[PDB]
Amino acid sequence: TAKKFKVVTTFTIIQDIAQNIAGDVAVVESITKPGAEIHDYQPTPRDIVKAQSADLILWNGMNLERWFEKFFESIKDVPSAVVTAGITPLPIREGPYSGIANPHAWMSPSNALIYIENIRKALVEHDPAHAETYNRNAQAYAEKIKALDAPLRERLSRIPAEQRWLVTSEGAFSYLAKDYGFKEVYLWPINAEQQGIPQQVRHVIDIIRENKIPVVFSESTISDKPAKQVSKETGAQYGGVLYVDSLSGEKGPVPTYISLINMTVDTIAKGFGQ
Ligand SMILES: [Fe+3]
């Protein structure tokens with residue numbers, strides 16, 4: 001066992017999933033730090049250094065990292081793989097990014113199985129000497145992810161179907177909302193420039209009042225202020241922060257992809273009184 005195979009990922013969700021597949025035979029690191037906004041992140045010379053010293057670079061694609069393709073052109077002789085191949089996308093419904101794929105495919109545990117398979121295939125292709133470890137680790141991790149779905153689905157099924165409105169800040173939850181039968185309301189369709197402008201807040205306030213939706217949420221890499229303004233002006237309580245674009249730090253409450261899915265579903269369910 002000389003040097004560990006080095007994988008660099010764009011952001012922390014892919015880092016944790018890939019590290020579960022790498023296990024003992026590769027080290028995986030994320031370019032963005034926990035809590036950093038990932039869509040419009042601005043890479044630094046230090047990020048170039050980290051990617052250039054990797055053996056493999058993984059990214060989401062589906063229009064998540066607006067920075068990645070320009071950044072990767074600086075990187076020489078380091079293979080990359082997009083980890084969302086074979087996932088059917090949901091289009092963004094409104095705004096200047098209307099009609100392109102919603103990048104947040106990982107919030108569906110069924111989709112996470114495809115992420116696992118795509119990351120396995122890339123490690124097996126570019127570090128073939130450890131293919132058996134990658135294959136074993138991916139099989140074990142896919143088992144955990146697969147088993148993850150049933151308790152989540154049952155938990156959220158307790159909410160009456162006609163009351164299943166998921167009101168958030170970024171429209172980051174489209175894939176989870178589809179899986180578990182939630183209607184989707186958000187203050188902005190995808191992180192970009194306009195985030196909490198009028199018209200956006202007003203439309204959400206109208207849908208809240210018309211349907212008497214009981215809770216609204218923010219997310220861990222963006223500002224909670226638009227969501228708290230919406231709850232102050234309506235009957236809805238502020239449900240707290242969901243995790244979608246970043247894990248927490250390793251010593252925080254959301255250190256892993258599994259903990260992120262569980263925490264986000266629990267926080268939603270609590271916002272509806274379980
Ligand atoms: Fe996002």
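Atom set for the values below is all heavy atoms of this structure, side chains included, hydrogens, waters and symmetry mates excluded. As the structure lists them, so they are numbered: ligands from 1, and atoms in each ligand from 1. Along the sequence shown, residues are numbered consecutively beginning with 1.
With respect to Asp55 and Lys6, no salt bridge is recorded, no charged nitrogen being found less than 4.0 Å from a carboxylate O.
Here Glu219 does not reach the Fe ion (ligand 1): none of its N/O/S atoms is less than 2.8 Å from the metal.
When you scan the N, O or S atoms of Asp245 for the one nearest the Fe ion (ligand 1), you land on OD2. Residue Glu170 approaches the Fe ion (ligand 1) most closely through its N/O/S atom OE1.
Counting heavy atoms from C-beta outward, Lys4 and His130 have side chains that approach closer than 4.5 Å.
For the residue pair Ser231 and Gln237, no side-chain donor N or O sits within less than 3.5 Å of a side-chain acceptor on the partner.
Looking at every heavy atom in both residues, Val83 comes nearest to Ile14 through CG2-CD1, 3.6 Å.
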